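Results of the structural survey
If you want the building blocks of each chain, they are given just below.
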Amino acid sequence: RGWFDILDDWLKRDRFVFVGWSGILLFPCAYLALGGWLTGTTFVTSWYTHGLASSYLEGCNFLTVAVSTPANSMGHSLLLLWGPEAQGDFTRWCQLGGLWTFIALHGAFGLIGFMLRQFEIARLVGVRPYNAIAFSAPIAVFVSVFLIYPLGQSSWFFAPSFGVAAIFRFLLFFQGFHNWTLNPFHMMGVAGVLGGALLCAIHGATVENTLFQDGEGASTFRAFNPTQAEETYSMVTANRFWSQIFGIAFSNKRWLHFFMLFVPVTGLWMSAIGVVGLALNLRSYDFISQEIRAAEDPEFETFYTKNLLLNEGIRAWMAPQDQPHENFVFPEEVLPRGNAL
Amino acid sequence: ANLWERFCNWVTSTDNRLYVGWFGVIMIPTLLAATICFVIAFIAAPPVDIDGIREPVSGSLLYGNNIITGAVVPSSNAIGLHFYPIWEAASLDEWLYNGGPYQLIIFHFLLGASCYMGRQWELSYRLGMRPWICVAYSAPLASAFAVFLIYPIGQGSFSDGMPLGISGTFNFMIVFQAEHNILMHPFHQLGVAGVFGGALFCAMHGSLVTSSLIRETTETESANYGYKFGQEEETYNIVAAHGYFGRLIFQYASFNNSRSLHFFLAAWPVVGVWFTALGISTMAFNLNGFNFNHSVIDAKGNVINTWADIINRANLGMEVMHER
Amino acid sequence: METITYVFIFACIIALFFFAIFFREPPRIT
Amino acid sequence: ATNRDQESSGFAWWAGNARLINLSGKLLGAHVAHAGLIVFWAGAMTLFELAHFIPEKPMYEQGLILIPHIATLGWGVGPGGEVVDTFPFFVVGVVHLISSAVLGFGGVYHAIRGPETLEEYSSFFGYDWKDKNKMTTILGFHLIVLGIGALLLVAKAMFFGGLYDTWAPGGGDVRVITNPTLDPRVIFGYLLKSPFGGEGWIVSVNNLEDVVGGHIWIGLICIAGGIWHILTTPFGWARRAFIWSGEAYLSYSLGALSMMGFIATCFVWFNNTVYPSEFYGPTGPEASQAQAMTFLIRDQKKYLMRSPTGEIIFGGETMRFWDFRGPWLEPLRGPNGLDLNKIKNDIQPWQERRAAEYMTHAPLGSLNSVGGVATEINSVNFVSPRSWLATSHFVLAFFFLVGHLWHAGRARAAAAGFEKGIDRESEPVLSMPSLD
Amino acid sequence: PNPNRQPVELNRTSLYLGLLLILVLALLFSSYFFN
Amino acid sequence: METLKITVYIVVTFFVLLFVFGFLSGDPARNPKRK
Amino acid sequence: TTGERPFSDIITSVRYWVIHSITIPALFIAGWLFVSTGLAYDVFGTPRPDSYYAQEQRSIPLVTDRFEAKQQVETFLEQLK
Amino acid sequence: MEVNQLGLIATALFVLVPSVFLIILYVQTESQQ
Amino acid sequence: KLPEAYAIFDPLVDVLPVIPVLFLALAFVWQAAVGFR
Amino acid sequence: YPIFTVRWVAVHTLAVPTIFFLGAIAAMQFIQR
Ligand code: CLA
Ligand code: CLA
Ligand code: CLA
Ligand code: CLA
Ligand code: CLA
Ligand SMILES: CCCCCCCCCCCCCCCC(=O)OC[C@H](COP(=O)(O)OC[C@@H](O)CO)OC(=O)CCCCCCCCCCCCCCC
Ligand SMILES: CC1=C(/C=C/C(C)=C/C=C/C(C)=C/C=C/C=C(C)/C=C/C=C(C)/C=C/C2=C(C)CCCC2(C)C)C(C)(C)CCC1
Ligand SMILES: CC1=C(/C=C/C(C)=C/C=C/C(C)=C/C=C/C=C(C)/C=C/C=C(C)/C=C/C2=C(C)CCCC2(C)C)C(C)(C)CCC1
Ligand SMILES: CC1=C(/C=C/C(C)=C/C=C/C(C)=C/C=C/C=C(C)/C=C/C=C(C)/C=C/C2=C(C)CCCC2(C)C)C(C)(C)CCC1
Ligand SMILES: CCCCCCCCCCCCCCCC(=O)O
Ligand SMILES: [Cl-]
Ligand SMILES: [Fe+2]
């Protein structure tokens, strides 16, 4: 039939784990990203790039292990194993942070492969590909944060390191240096995520509490048949309840589920746009009118000015250890303190 | 009938545009009072000496704030946990200067939101519904109680409650991280898993239902017009959605039961937010997150830093700047 | 004019709440 | 295997205890076995704590929460909270472990071997949830038992060796309470006080005379109410006000227990009388005021303030803790506040020792039991027992409020008959007129 | 006549949702526009 | 200050009594199914 | 469904446990010998607990040049040696 | 406060131009039958 | 410390408080024996 | 019932390094520090 057709029938054959054409990209890249993260968090140090212990072998735990970013002097090098920095030596490649770029690149291509898998399975099953559309938002977040943000900055060093406490450091870094909470794009991201969690909880509870009595048991879960044509819950009763409780209610189930798609996806896309702005240090750090007012009036104090003071404290107290390549030596008298304010 | 039966039939009437109920006869005045006081304080409240050291913090729009930086400042540190109504102050100027509006708003709001939960139960009872939507609502309500009441009680002052403003909320977050290391607390990590998973499963469920909508329209009209309000047949093919999701991961990871799926959708963020509200309360009694400072020591005794040590450095930086 | 703008947008939002609740298009069964 | 599967009972395995609702014998077995579990934890935890107890060191420095409870009762302790002997702790643990074996035997027997329903065997023990008179009779029996327990605490206080009084002069001692507060005005004025700062409701009880008198009142009231409920049936307003079913009674108890858990959290956080700082450690306000007083005597060999209502108090952020009252501080506090000259030339060595020791043990710590600020190294292992008790009981009280909401809603829905869902042919909203 | 022209519709719910989106976005971004 | 305190006490007492006596006025009977 | 033997059949089979009573201990002992003999430190370049700092210095051995970072790491490893 | 003055017109246009658009569409939807 | 004659049973005491938790696990074990019917 | 299936490959590429890593991490737990 042609080798392409026979391969195509083999790749899309029904089995426990679907492979597909997208599997050739997805499974190696996702497997390598996950295996690289486990290998780095189990064995690989960050001593030469960050001056940190970040592996189980050094004594860290699950919260504190990380595959750390390469050193700042690497720039935006791809840090290939055969590249001019590692020169084929696996040990120096691990010591220089090459595992970070390994995980980031293989994870990016794995996310591409997973989204192509969503498209392929939607094509063969025969459904509309809205799951792939929704998955565009995690891809936007990953590309903006792990790729676009370090590319706009000086090096891969300032990207998040793949770890729990390292991600917490990334959060605190963005607060101290970018004032990322003040950014309206992050605000829309927070609204999208919290509204998505609210929509998930409220829709699940509403469906579970407007169920039709379709079985004699007191456990209602067995009163549902997958092949049934009737609705399992009363949309009219749910609409009446939320109309009288909240004032407004969904009356279209299709619009409800599209809205559940729309809210967190739009939030994540907005946060990705803000992260691109932060990649160029185009931050909503300050309001100029309040800066001028605070400069001309020493008694003017709002929560925004206190947040600026807290950000200054974060920067000065964390910069010498979080940015060890800069050789920041801050004497005690230049460190901002509240009791000297 | 007498006036009491007519009033009781009006209060519990399901024909009202908004249901009142008995929880509503408490809820409406308290929430109206809190809303009116919040709007007036957010626009025009004078600066509040929140720390009791005669250094007032201006939170209202008229005193040089925008929407982002505006807040209702929490009551004074000199007030502490003392009940501070209007009549307990010598003058309205003293009540405003010590942060009395914050106490009025938060007490009225907490009472009104508890009665909102009760009203949700009440309407579910009047409509012949199952009653557990209020249980789901108990998670954000627990969070509001944690940040407005329980954390002040544990720390000993309503001055440590969360301000009623955007930048004030960020200040509350940063000072809380400085004092308690909330990011390293597993209850907050469960809360983050709850909200991230809730957003994920919300997008997932929406995309899978939207993906499997049954063709009832044309390309020139919106697909939402394929559903009629109150139609008996299901508007999407749950079997096709299950087949897609089972092929996406594997067959045993997909819900074939819509009731089980919707229970999971309810349960995941509600349990996560329960745990994060309980985390805020337990850190109010100073049971803080994991420290892990100096957890790696070399053979010669020198401390080898981890990412937790960088976090502790940042926390110390916030700590030295929020005090005095 | 800044405070006026914020209060005006907030008042428009509250008026929109009123119209969305009490002057909505009614949901009709079937 | 009657009612032990979903088809016969209607409840899945994860709600399998709901199959016990109309099986009085097996339900009684579950209750007795659970009570055995509770007594087993009490005995085993007391034995564990005693096995790891150093009597010379303070109890709150070793993470104990059960030995302080026995010590507050005046068992095995002397002046200043010093442990004169540890044998009564061992007796309490061993007797609880043995009694738990007995209760476990009874629970296993009634759950496994005994009659499934108690109705046909005994008219006295057999009960139906809808029978309001039998429910009130059982409630009356349990109220009498609870009143007897309160009077047992009273008997321990007045006759069998007394209680540890932290307010006893000299630094606290075991004292026999001979003059309890029987006056209803004080006892119910504790009930009528505000729950806010400076008032503190029943948490602000600051002497054992009030505690013993309140327990006399509570025991007598519980015995009288138990007799009242044995002798009477519920009135018409009560029968029209409540749902009368097992899940409804469970939901009422859950709401009560949630409120009690919140009250116990506030008791263990604020009260230093029934939770003496000798055993439980200082409270948060206590530690802050101890820090202020100790740094004052340091700097005089700090700062003072004036308070919103005009009282001499410690200055600083600890102005929020000016309502604190402690046995080591009341000798120094005068009419208008902390008498500064009386700090200078009336200070006693035990008061300074208490203040410094309570400085070093402020109720601040981490989940991995690291003491001090969250920004400090792990060189001190101390989380206060007050913190553990308050946090755990807030968590339990909140979850029991959630359980009360769940079971109250389910009981109302099941009594009204729509707990299994909306009837398709009789959907109530369809009959209702449209809102607009 | 062009046979590809089709009527455009916006129901009242979409009007309310769009007005809410526009007004909330304006309330969010007005402080940054004024700066 | 004292007049305001009396007014607030009267208002709160009125609403709380409305709540308590309303839930005592045959509230379990007000369902759509069994009573 | 899909024509694969179910996991419940295999994990309850005698022969599966016969095979997996040998392979799993062999892999576990392979990992244990990887760490305990110290091969992991050499393979991944992770410093030993006495190899973070040189005996004379207390400076963290950061790499500072892009194209000489390999020689820099080797110089640090020589000076600790 | 010393704000950017153009923010005013910016905010007004940000309110006016889209909302008007929606209003136009809504009104012409109501006149169709 | 415990009284000295009991000290030989000190390890047993060290595991006694954990026993109720196992009871909870035992219920699931029992359900696993009956197929979660 | 074949044995060398796609499911076998996925399970074992996730299972063999998992046990190797678990043995490595336990041997790490017995490092003298
Ligand atoms: C889905 C498959 C897949 C994909 C997309 C990638 C993708 C990538 N891998 Mg990768 N990898 C894979 C599977 C995959 N890998 C597998 C299975 C292994 C295990 C063996 C590895 C092991 C591995 C290592 C060890 C490293 C990478 C690296 C990389 C990155 C750079 C590689 C590069 O420049 O090659 C470019 C080469 C090609 C794109 C091949 C193109 C072939 C053309 C079209 C044909 C013409 C070639 C011609 C015939 C040859 C003549 C040559 C002659 C003139 C001399 C990139 C993101 C590096 C990395 O991440 O650095 C941080 C790195 O160091 N990979
Ligand atoms: C405090 C915990 C507790 C208690 C006391 C009970 C008690 C009971 N459950 Mg139960 N259950 C629990 C937790 C508990 N459950 C949990 C957590 C779950 C969820 C998994 C369930 C799920 C569940 C289901 C699904 C069902 C029950 C049922 C029952 C009842 C009959 C038991 C029976 O026939 O089993 C027989 C089991 C055995 C004979 C196995 C041995 C069990 C023995 C008693 C253990 C004793 C060990 C102990 C060390 C002995 C000390 C003795 C010493 C003092 C001398 C019984 C009253 C059934 C019921 O309602 O009956 C109508 C039923 O169908 N339960
Ligand atoms: C005195 C307290 C009390 C009593 C007697 C009951 C009794 C009952 N409840 Mg209930 N409940 C309570 C408190 C109580 N509840 C609280 C506080 C909550 C809030 C969390 C709930 C929430 C609740 C729900 C949501 C439901 C019930 C249900 C039921 C019925 C069946 C229960 C069953 O088989 O569980 C079987 C037990 C289990 C499956 C075990 C659960 C495991 C827990 C949740 C985790 C424990 C974690 C532990 C503390 C730490 C880790 C341990 C370690 C080993 C890992 C039964 C009448 C069911 C019902 O309505 O039936 C009519 C039902 O669906 N309950
Ligand atoms: C809540 C507790 C409780 C309750 C209500 C019951 C109820 C019952 N049991 Mg039972 N039982 C219990 C606990 C309980 N038991 C315990 C803990 C054990 C283990 C020792 C047993 C062992 C047991 C057996 C072996 C048998 C029963 C039987 C019976 C039934 C008839 C008993 C009778 O006629 O008594 C008549 C009244 C008396 C004999 C007087 C009892 C006086 C008591 C012992 C004095 C207690 C003093 C004080 C309250 C102690 C406080 C302890 C507390 C703080 C923990 C009845 C339904 C019988 C049965 O099922 O019939 C078929 C039966 O054969 N029970
Ligand atoms: C475990 C304890 C317990 C329980 C469950 C019951 C249960 C019951 N009792 Mg009861 N009783 C008890 C102990 C108990 N009793 C004791 C110890 C006494 C002696 C003082 C009495 C004396 C007694 C009498 C004289 C009567 C009852 C009645 C009733 C029934 C109606 C309950 C009702 O509507 O009141 C609910 C409570 C109220 C309506 C009170 C008003 C609610 C206020 C506003 C709440 C205020 C509390 C608030 C939350 C703040 C807390 C602090 C506060 C102290 C300031 C019910 C079966 C009645 C009945 O039917 O008799 C058969 C009746 O007439 N009881
Ligand atoms: C006494 C009880 C308490 C009363 C509380 C009143 C709350 C009012 C709720 C909002 C009403 C306005 C909704 C307009 C929009 C409107 O009328 O929508 C009504 C719409 C009805 O949907 P249908 O299914 O009928 O529409 C189907 C198709 O026509 C789609 O176009 O509902 C939704 O789409 C719900 C999702 C949006 C929910 C928006 C909630 C946002 C809350 C507030 C956020 C901004 C706050 C800013 C602060 C300054
Ligand atoms: C990098 C690299 C590579 C790769 C490799 C790989 C691919 C590996 C893999 C690896 C792996 C693949 C590993 C694994 C691991 C695993 C582990 C280590 C596990 C762990 C686990 C645990 C610990 C558990 C946990 C849990 C959960 C989660 C839940 C429940 C509970 C518990 C806790 C039990 C190559 C050579 C190609 C090239 C060069 C570079
Ligand atoms: C029904 C049921 C159940 C339950 C059960 C229970 C809950 C039981 C209980 C039980 C119990 C509750 C038990 C107890 C036991 C105990 C014992 C048996 C003890 C003994 C003791 C002894 C022997 C002692 C000893 C000693 C002393 C003398 C002192 C010193 C130390 C020592 C320890 C050495 C379940 C869930 C499973 C499920 C199904 C069925
Ligand atoms: C021992 C003691 C004492 C004493 C105490 C006392 C004397 C107590 C009593 C107490 C009491 C005497 C209590 C009572 C309570 C009550 C309650 C808590 C109530 C509740 C109620 C309810 C729950 C109701 C409900 C309702 C409504 C509202 C409407 C209609 C429907 C119903 C019926 C559901 C003192 C502090 C001096 C000192 C320390 C110790
Ligand atoms: C409608 C609700 C808002 C009510 C706010 C009322 C504020 C009244 C303030 C009056 C203060 C007058 C003091 C007179 C002397 C005194 O008794 O202290
Ligand atoms: Cl601050
Ligand atoms: Fe849905």
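The residue numbering used throughout counts from 1 along each chain in the order its sequence is written. It may not match the entry numbering, and residues with no coordinates are not shown. As a convention, the first chain written is A and the first ligand written is 1, with the rest following in written order. Here the displayed chains are drawn from a larger assembly, and the quantities reported describe the displayed chains exclusively. To get the side-chain values, take all heavy atoms of the structure and skip hydrogens and water. Residues with missing side-chain atoms are left out of burial classes, side-chain pairs and their counts.

Structure determination for this entry, per the PDB record, employed cryo-EM and reached 2.2 Å resolution.

Quick look at the interface of chain D and chain A now. Between chain D and chain A, the residue contacts involve 17 residues of the former and 23 residues of the latter. In this description, buried area is defined as the sum, over both parts, of the accessible area (probe of 1.4 Å) that is lost when the two are combined. Counting each side, the surface lost to burial between chain D and chain A is near 1700 Å², with a carbon and sulfur contribution of 54%. Three residues, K420(D), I422(D) and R424(D), lead the burial of chain D against chain A; their summed loss comes to 41% of the area buried on that side. Note that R424(D) and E230(A) form a salt bridge whose closest N and O atoms lie 3.4 Å from each other. We call two residues in contact whenever any of their non-hydrogen atoms come within 4.5 Å of each other. In the sections that follow, a salt bridge refers to a side-chain nitrogen of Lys or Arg positioned within 4 Å of a carboxyl oxygen of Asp or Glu.

Residue and element names in this part refer to chain A. A molecule or strand has a residue near it when one of that residue's heavy atoms lies within 4 Å. Near ligand 1, the surroundings consist of 16 residues, among which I24, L80, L81, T101 and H106 are the closest. Contacts to ligand 1 include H106, whose side-chain N or O atom sits 3.2 Å from a nitrogen atom. Mapped onto the shell around ligand 1, the elements with two or more residues apiece are α2 (23-43) and α4 (98-125). Throughout this entry, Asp, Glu, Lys and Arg are counted as charged residues, while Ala, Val, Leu, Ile, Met, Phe, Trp, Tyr, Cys and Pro are counted as nonpolar. The remaining residues, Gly among them, count as polar. Partitioning the shell around ligand 1 into residue classes produces 14 nonpolar, 2 polar and no charged. Whenever two N or O atoms come within 3.5 Å, that pair is a polar contact, provided that in protein one can donate a hydrogen and the other can accept it, and provided that, for residues adjacent in sequence, both atoms are side-chain atoms. For helices the rule is a DSSP run of H or I covering at least 4 residues; for strands it is a run of E covering at least 2, with both sets numbered from the N terminus onward.

Residue and element names in this part refer to chain G. UniProt positions are given in the numbering used here, feature names are shortened, and annotations may be inferred rather than shown by experiment. The sites that UniProt annotates as "binding site: heme" are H20. Tracing the backbone shows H20 in helix α2 (residues 14-20). Of note is the side chain of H20, whose polar atom sits 2.7 Å from the backbone oxygen of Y16.

This brings us to the side chain of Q103(B). Positionally, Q103(B) belongs in helix α4 (residues 100-126). Every residue in contact with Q103(B), bar those within four places of it in the chain, is listed here: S75(B), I79(B), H82(B), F83(B), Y84(B) and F158(B).

So, about the site of ligand 9. Lining the immediate environment of ligand 9, one finds 14 residues, of which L191(D), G214(D), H215(D), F242(D) and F23(F) sit closest. Positioned at a junction of chains, ligand 9 has nearby residues supplied by chains D and F. Note on areas: these come from Shrake-Rupley sampling with a 1.4 Å probe, and a residue is covered only by the protein chains present in the view. Coverage of ligand 9 by the protein chains reaches 56% of its 960 Å² of free accessible surface. Elements represented by at least two residues in the shell around ligand 9 include exactly α6 (184-192) and α7 (208-231) of chain D together with α1 (2-23) of chain F. Of the residues that constitute the shell around ligand 9, the class distribution is 11 nonpolar, 2 polar and 1 charged.

The next point concerns the coordination of the magnesium atom of ligand 3. Only one protein atom coordinates the magnesium atom of ligand 3: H407(D) (NE2), located 2.7 Å from the metal. For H407(D), the location among the structural elements is in helix α14 (residues 385-416). A donor here means an N, O or S atom no more than 2.8 Å from the metal, or no more than 3.2 Å when the metal is Na, K or Ca. Since water is not included, a site may seem to lack partners.

Let's shift gears to the arrangement of the chains. Most contacts, among the 21 pairs of chains that meet, fall between chains A and B. The smallest C-alpha distance separating chain D from chain E is 15 Å, and no contact links them. A gap remains between chain H and chain J, which never touch, and the nearest two C-alpha atoms on either side lie 52 Å apart.

In this complex, chain B contributes 115 residues to the contact, which on the side of chain A involves 115 residues. Listed by contribution, the elements that provide at least two residues to the side of chain B that touches chain A are α4, α5 (133-155), α6 (166-180), α7 (186-211), α8 (238-248), α9 (258-284) and α10 (307-322) of chain B. Of all the elements, α7(B) adds the most residues to the side of chain B that touches chain A, at 16 residues. Split by residue class, the side of chain B that touches chain A holds 65 nonpolar, 36 polar and 14 charged.

The next point concerns empty space enclosed by the protein. Here a cavity denotes grid points, spaced 1 Å and computed from the protein atoms alone, that fit a 1.4 Å probe unable to get out, and a pocket denotes an open set having protein on both sides within 12 Å along at least 5 of 7 lines; residues with an atom within 4 Å of a point are the lining. Grid points are joined across faces, edges and corners, and a volume is the space filled by probe spheres set on the points. Here the largest cavity is characterised by a volume of approximately 80 Å³. In terms of lining, the largest cavity is formed by 13 residues, of which the most central are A45(B), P46(B), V48(B), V72(B) and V73(B). When contributions to the lining of the largest cavity are tallied by element, the ones reaching two or more residues are β1 (71-72) and α4 of chain B. Of the residues that constitute the lining of the largest cavity, the class distribution is 10 nonpolar, 3 polar and no charged. If you add up the space inside the second largest cavity, you get close to 60 Å³. Among the elements of the structure, β1 (66-67) and α3 (90-95) of chain A are those that each provide at least two residues to the lining of the second largest cavity. A class-by-class count of the residues in the lining of the second largest cavity yields 5 nonpolar, 8 polar and no charged.

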